[PDB]
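Participant: need coordinates for the below:
(3 chains)
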Amino acid sequence: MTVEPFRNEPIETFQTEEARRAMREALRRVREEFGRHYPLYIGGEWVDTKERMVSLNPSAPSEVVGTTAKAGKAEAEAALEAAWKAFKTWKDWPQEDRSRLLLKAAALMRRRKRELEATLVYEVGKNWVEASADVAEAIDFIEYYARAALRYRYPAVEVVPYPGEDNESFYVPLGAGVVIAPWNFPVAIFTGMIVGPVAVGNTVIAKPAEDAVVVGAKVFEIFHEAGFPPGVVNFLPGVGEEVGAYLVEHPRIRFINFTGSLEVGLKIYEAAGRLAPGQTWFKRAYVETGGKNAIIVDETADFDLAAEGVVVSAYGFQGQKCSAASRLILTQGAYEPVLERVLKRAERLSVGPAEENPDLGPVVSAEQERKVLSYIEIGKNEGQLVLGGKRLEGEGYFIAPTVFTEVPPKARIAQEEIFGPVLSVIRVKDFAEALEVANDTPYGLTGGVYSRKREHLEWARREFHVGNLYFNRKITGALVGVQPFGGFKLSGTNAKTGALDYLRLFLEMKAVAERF
Amino acid sequence: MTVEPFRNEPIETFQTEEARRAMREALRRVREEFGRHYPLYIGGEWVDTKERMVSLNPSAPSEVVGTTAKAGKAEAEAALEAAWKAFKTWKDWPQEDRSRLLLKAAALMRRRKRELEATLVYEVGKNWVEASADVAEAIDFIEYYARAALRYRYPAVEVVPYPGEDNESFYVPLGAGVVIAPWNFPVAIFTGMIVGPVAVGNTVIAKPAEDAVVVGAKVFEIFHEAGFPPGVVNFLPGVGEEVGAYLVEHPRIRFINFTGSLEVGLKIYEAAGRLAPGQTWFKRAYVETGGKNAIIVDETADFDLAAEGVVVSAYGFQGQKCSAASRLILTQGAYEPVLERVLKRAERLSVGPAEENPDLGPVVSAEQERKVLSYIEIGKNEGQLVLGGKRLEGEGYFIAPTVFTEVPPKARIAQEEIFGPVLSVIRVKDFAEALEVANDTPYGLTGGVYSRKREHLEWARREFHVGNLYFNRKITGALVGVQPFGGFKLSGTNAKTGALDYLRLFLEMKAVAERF
Amino acid sequence: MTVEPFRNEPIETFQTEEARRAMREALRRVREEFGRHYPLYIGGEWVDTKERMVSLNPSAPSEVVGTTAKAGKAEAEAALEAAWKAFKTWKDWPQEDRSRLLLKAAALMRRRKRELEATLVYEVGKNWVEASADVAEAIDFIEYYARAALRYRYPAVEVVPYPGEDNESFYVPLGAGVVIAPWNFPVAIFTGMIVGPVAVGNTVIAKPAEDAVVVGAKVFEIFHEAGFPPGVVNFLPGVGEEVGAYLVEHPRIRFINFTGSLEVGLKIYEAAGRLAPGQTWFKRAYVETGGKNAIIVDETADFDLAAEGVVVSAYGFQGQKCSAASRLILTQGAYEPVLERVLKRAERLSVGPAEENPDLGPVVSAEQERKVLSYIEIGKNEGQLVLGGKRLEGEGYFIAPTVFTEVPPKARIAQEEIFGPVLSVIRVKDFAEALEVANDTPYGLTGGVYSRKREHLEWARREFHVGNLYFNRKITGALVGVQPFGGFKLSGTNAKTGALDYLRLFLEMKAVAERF
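Facilitator: Numbering: from 1, shown residues only, chains lettered A, B, ... in the order given. For reference, the structure is listed below:
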C-alpha cells in the first residue's frame, strides 16, 4: 500500500460553531447560484442542448435550484461512442494510475463537502446530518474502491503451476456501460456506481435521477477537475425513460448498474437478458431494488434504545431509504412498552424546510407526495392510524411521521415499499413468529433486532434472511467497507457495495499459457 | 489444509501392458453390460418411469449401450421439492463436512476410472486417451472444488472494523438450481457443474445430455455410494426441451448452470432474466456457449511443432470441443510450410470404432453427422476443399478429417461453430492482420499462437481476445486449477471453471452488525 | 477480525472536573446501597440462602457495605450439576458466538466503570486510581480473551498431510471447573480467571474472596445481563475452606484456576494430583501464588526516577500486590543516594480513608492488619526500622509506609511475602551480587532494575529469574496483552494471563483422520 489504510470520512454533526458557520456560508453560496445552468458532460467537455430540465426545491417547489441540459437518444449515442473510444486506452492504464486518479477526485470532493451538502439540502430536502452522511459516503466509495481495485492488479489470479509452462491468469475490464442512479443518495450512490466500474478500467455513461440533476452535475465538475480522460465518465441528465431505455437495450452497452425501484429493476434485468440485434456478448446487469425492512423487538430488549433506533430508521430522510424501517414487529411482551415509546418520540419530531435542519424535511417531489398519501389512504383500510397520516401546511411536500398499528402481515402497507415516513406495526406471539413475519415479504435488504437474549440474536444471524442485519442499533446508514451493502430476493442481485467483491462484478478473467 | 495440496489426476496414455490389460477388461465388462437400464435419481433413491430413453453406440448405432428412465414435468417438480427440502439442512453442514463428502466421491470415482473411461468410449465415441482425460478432469473438479470451497468458509469476508461493534460478513449458498450438461464431456463437465454449487451448500437437479445419459447415471451411482444426503443431487435424463424448459422458467429455480450450444444458451439467459409468476428473486444463469477458436502461426514458428498442435487441437475427439481449433490463421510466410505439414499429418489419421482406439472415432449422433456434412457442403462454395470432406464407409457416424483453405474470414465456415472434424484455413498478410481475423467472430473462448517472436506473443497476450490463450502448444485440454476455463463475448458469461472464482457464483453475502 | 484491534482500556486519572464529579456521584450511589443483599448465582438465577456473609469497609470496619448469601456443600454440588448441564451445549456454540457474548459483557462493564470503582474503594480500600486500574484491567481481560479465543477456532491445528486421507486436529474445552479468586484484584483477576476458560467453551463455578464478595456479585450482575446461558458461570461466596475444598477435591471438577497465597496454592496443587474416588481424568490446576519481588538499582541509574518507581511499586494499594516491590537491592554506589530519596518520598505519602483518594488506604482486614503488624515485629529483630512500622489512628486498618534497612538477604522479612506496606532494603557490593540476592528466594514473579548500563540490563534480561521483569519503571500494573503475567518457581505454574497462551490451558486436542 502507498496510502494510509482506509478510514471512513467522519460525518459532521454540526455541534460546533465553526461547523454551523461553514454550513450557513455554503447554503448562501449555493442559493446565490440557483440560476446556474449545467450542461451534459460528454467526451471530456460540457455540451449544452436546446431543451432543458428544471430542478425544484422540495421545501419550496416554486423555487428553482438550477437547470440542466436534456439528453436524448442522439446524445446517448454520442456518449456511448466517446465511452468506447476512451475504453480502448483507459483499460491499459496501470491500476496504480487509475487509483491515484480516484484519490485525487476524493480529495477534491472532500474540499467541497459543505457545498455538496448544501446542494443536497436544497435540491432533495435532506436535513444537515443526512446531507453530510451522504457526501461522506461518496468520499468513502472513492477512497475504498481506489484501494480495493489494487487487489485485482495484473496478474492477480491464484493458479496451479504446470511443468515446462507459464500459466498466468488476470483480470480485464468489460468495456462501456450505463449507470442509472437514484435520487435519494444522489451524491453517494451516484458516485459509487460510477467510480467502482471506472476504477478497474471500464468507462461509464451516467444518468442521474431527474430530482437530483444539479448535484449530479456538481459531482461531474469534480470528475472534470480531477482529470479523467475524455470519455471515461459521461453525464446524461434526461426526462422519462428515453435515455435509460435506449442504453439498456443497446447492443453496444456492456453492463448496466442500477439502483432504484423494483418495477424498473425488473424491466432492466429482463432487457439485459435479451440479445439485441448485432450484440456480441451476454450483458451483465446489477440491480439494487429496495426493500420492506423490519425491526424486531422482543421483551428482553432495552425498550428506550429500541424506540430511538426505530424512529431514526423509520423517519431518517423522511423514510426515503431502501434500508428504512417500514415495519416494526413486536412480540407480545414488547408491544405496549415499545409502541408507547415510539409514539412519544415520533410525535416530537419536527417537520419543515430542510435548510432549518428539522428532524424531517419534505418528501422529494409532488409525485412522491402523491404516492405516499395514496399509501396512507390504503393503510386506513388495512390498519389503524395512530399518528400522523397527513400533509402539513406549506407548498413544500411536508408529510407527518405516520404510524399504523394492528397491521396484518400480508397487508399492502406491510408488503409494498412506500418510501415515505410511514411505519407499520405488527404484533406477534413470540420471536419465532417475529422471524416468520420478518421473512415473509418479497424483499430482503435490511433488518434489525433489538434483544438482550443471545440465542435470539444468533438465531436471527442464521435465519433473518436479509443482506444487511443489525442488532441493537439503527438499520440504516451502512458504512462503506464496514457493512457490505446489498440484499437478497427482490431487493436485488446482491452486488455488495463498499466491499472488495463489488469490483469483481466489472471484470472478466483471461488465462494465458506459454509452453517453453 | 487437512489434505495434501491439489495435484491434477494423471491422464493415462495406455503405453504399459498393465494399463492396456486393465482397459481391455474394463471395455469388455462395459460391453457385456450393454442393455442395462438406469432409473432417475430423486430424493436419494432410484425412481423408474414407464417411458424410457435409449442410448446408442455411435460407432455401431444398432447397438444399445443402455436405456434410462425418462423424466417429465412431474418428476422435475418432485426433484425440485426434494432439492429444496434437502437445501434446508445441507446449507447448514460445516464446510469441512461437505468438502470431505466431495473427497470421498473423488476417491470412489478414481477407483472406477477404467469403467467410466470405457463407458465414454462406447457411449460417446471417445478414443482411449480422450476418455481418460475426461474422467481425469472430473476427478480434478471434485478435488479442486472440495479445497476451494474451504476458502469461503464462515466468516470469510474482509471488512473494515467500527468502534463498539462486531461486523461480520459471510457467504451463504443460494438454494436449489438446475444443471444442464453437455454430451461432449459427459463425465467431466457434468461432474464439475454439479459439485461446484453443491460443495458450498446448494442443491442440484441435473439434466444429462441425451447422448450421454448412461455415463451420467454411473456418475450418480458414485454420488449415491459417497453418501450425499437425499435431495442434494438429483438425476433427470429426458428427451427434448420439456424438462429443461420447465425448470429454467420455474419460479422456484434459483440458478441455472448451462454448458452447450449458443442457440440454447441465448434462450436460457433470456428466460432467466424474466420474473416467473410468484418468483421471489433474480435468477442467476451461468452459460458456456462454445466458440470458433483459431490458432495463428507466423513465419518465426517451429512449423513441425505447430502442425502437430494444430492437428491435435482440430481433430481431438473429432473436433467436438468448444475449445477445438476450427480456424488456422497463417501469415503469408507460414502459409505453405504449415499447411503442407498439417495436410501430411491429417491424412495419416486413423478413423474407426472408438473401442479400437483410433485417432478419430465417430461423431456423436446421426443428427450431428448430418449437420457436419451440411456445413461441409456449405464450405465447398466458400473455400477450397483440400482434404476429406466426406462420410466414411460403415454404420458408425464416421467423418474424415476435413480441411478447407483460402477461406474468407467472414464465410459461414469461418464464423459458425461446426463442432466436427472440419478445419478452415485463412491466409493473412501479417501478424496484425492475423489478430484482426482472430478477433473478428462473435466468440472468444480459446485461441493459440505458434511463434518464436516475443513481441508477437506478448502482443497476443494483450490483444487476442479469448478467455483461454495458449502459446506454442495445443489449445484444447485446459487443466483444472492450472487454466481457469471460460470465455468472452458469445462464448458465455465467463464463469471460470476449475478456478477459485467459480464457487463465488453460487454464493450470496450477508453482513451482520452488533452494537454492544 | 470483525472488531477493532485490541487496545487497553484507559486508566482514569481523575484530573478533570467531570471525572471527579462522576466519581463522587458513583461513591454516593454505592454507599446509598450499602444495605443491599446479594444472593448466590446458580443456573442462571439468583438463589438466596438462610445464612449470610457481611462485608465491611476497611476504612471504617463498623460500617457494612453489603451482605451476600453463603454457599455450602449443597449449593456447590448444585452449581456443579448446573455447570456440567450447561457445558453440554455451551461447548458447541460457535466460537464467534461465545466471543460476541464476552464483548457484550465488556461493553456492559465499561458502562458501569465508576460504580465498580466506587465499590472497590469502599469494599477493599483501593484509592481512586488503583480502583480505576483494576476495573480497566477486567475490561481488558474480556476484550483480549474474546479475540484470543478466535485464534483457537475449529480447526486450528497445523498438521502434516498424508496421501488419500483427511487429517484434522482441533481444540475442545475441558468441562466444568472451579475458580478461586483473590481479594486484592476482585474485579480484574476475578473476571479474567472466569472469562478466559468460559470463552473457549468451559463452564465455571467461581468462589470470590470473602473480603470482596459484594463487588464480585456486581460483576455477576453484568454476566447475567450479558446473557450467559444458565450454568455457564456460577457465583458461590462462602466462608472458610468448605466450598473451595469440596470442589477442589471433587471427582467431577475438571480444572482448578487459583490465585492467592502459596500456602493455599500448595494444598490445591497437591489435591489436584490425586484421583478422587470415581474420578475419570487427570485434573489440571493453574496456580498463581505471589512473590517476594525486588527492584535492583545500581550507581548508573537515574536516582530520582528509581526512587519514584520504588515508592509506587512498594506502596501502591498498600503493598497488597503479588507484584509489589518488597525488596530494594542497592549496590554500594547507589545505596545512600537512592535510600535518601526513597525515604523522603515515602514520608510524604498520605494514609487514610480510601474514598478521600489518599496515597494509601487501609489494609483489607483485621486479619491482614494482624499479619502485617506481626511481620513488622519480626522485622525489628532482623533489620533496622527507619520509617513507619506503626498502626495509625482510627478504626480503619491504617498502617504507615514502612522501611527496614540493613536487612540480611535470608531474613524472614526478606524471604516471606508480607503483602503489606513494608519494604526491606538490602545493600550489596555490585550488580552481580544484586542479581544473586534477587534470585535467592523461593519465588520468581516480578522484578525490576534501574540502571543506564546496557550490559547490566541485558544481563538481567537473561539472568534475573522472574516471569515479569521491568527496566527503569515500576514493577506493578502489568497490562493485559502487553505484559503476559505469571511467574516462575513458587510464584506459580506460569499460566500467563493476558496472553494468547492462557487459553490453551483450558483446551485439549483431538485428531481425526478419514481414509477415503
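Participant: state the number of residues packed around the residue nearest to residue A:70 when sequence neighbours are not counted.
Facilitator: Closest residue to residue A:70 apart from its sequence neighbours, by CB to CB, 6 or more residues apart in numbering or on different chains: residue A:51 at 4.3 Å. The way it works is simple: take the backbone N, C-alpha and C, and place the C-beta from them, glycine included. The number of residues packed near residue A:51 is 10, by other CB atoms under 10 Å in any protein chain shown.
Participant: residues in contact with residue A:51?
Facilitator: A:69, A:70, A:72 (CB atoms under 8 Å, 6 or more residues apart in numbering or on different chains).
Participant: show me what residue A:64 is bridged to.
Facilitator: Beta-bridge pairing of residue A:64 under DSSP bridges involves residue A:56.
Participant: just put the contacts of residue A:51 in CSV and tack on secondary structure.
Facilitator: Shown next, in CSV, are the contacts of residue A:51 (DSSP: H, G, I helix; E, B strand; the rest coil):
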residue, secondary structure
A:69, strand
A:70, coil
A:72, coil
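Participant: which among those gets closest to residue A:336?
Facilitator: The closest of the contacts of residue A:51 to residue A:336 turns out to be residue A:70 (CB to CB; 53.6 Å).
Participant: distance of that closest one from residue A:45?
Facilitator: Residue A:70 sits 17 Å away from residue A:45, going by CB to CB, to the nearest Å.
Participant: who's more crowded, the two?
Facilitator: Using other CB under 10 Å, the more surrounded residue of residue A:70 and residue A:45 is residue A:70, with 22 against 11.
Participant: can I assume the more buried one is in contact with residue A:48?
Facilitator: No: counting by CB atoms under 8 Å, residue A:70 does not reach residue A:48; the two are 9.9 Å apart.
Participant: any residues in contact with both of the two?
Facilitator: Shared contacts of residue A:70 and residue A:48 (CB under 8 Å, 6+ apart): none.
Participant: can you get me a residue count around the residue of chain A found nearest chain C?
Facilitator: Using CB to the nearest CB, the closest approach of chain A to chain C is made by residue A:454 at 4.3 Å. Number of residues near residue A:454 (other CB under 10 Å) recorded here: 19.
Participant: my guess is it contacts residue C:99, does it?
Facilitator: No: Residue A:454 is beyond contact range of residue C:99, at 11.6 Å (criterion: CB under 8 Å).
Participant: which residue ranges form the helices in the stretch 201-350 of chain A?
Facilitator: Assigned by DSSP state H, counting those that start in this stretch, the helices in the stretch 201-350 of chain A fall at A:213-226, A:242-248, A:262-272, A:303-315, A:332-346.
Participant: show me how chain A divides into domains.
Facilitator: Domain assignment of chain A by curated CATH domains yields the ranges A:1-289+A:480-516, A:290-479.
Participant: kindly check the end-to-end length of the first one for me.
Facilitator: Looking back up the chat, that one is domain A:1-289+A:480-516. 34 Å (CA to CA, to the nearest Å).
Participant: helices of the stretch 401-516 of chain A, start to end?
Facilitator: Along the stretch 401-516 of chain A, counting by DSSP H, counting those that start in this stretch, helices occupy A:431-439, A:454-463, A:500-504.
Participant: residue A:83 in helix, strand or coil?
Facilitator: What three-state DSSP gives for residue A:83 is helix.
Participant: verify the stated contact: it with residue A:205.
Facilitator: Yes: using CB under 8 Å, residue A:83 is in contact with residue A:205, at 5.6 Å.
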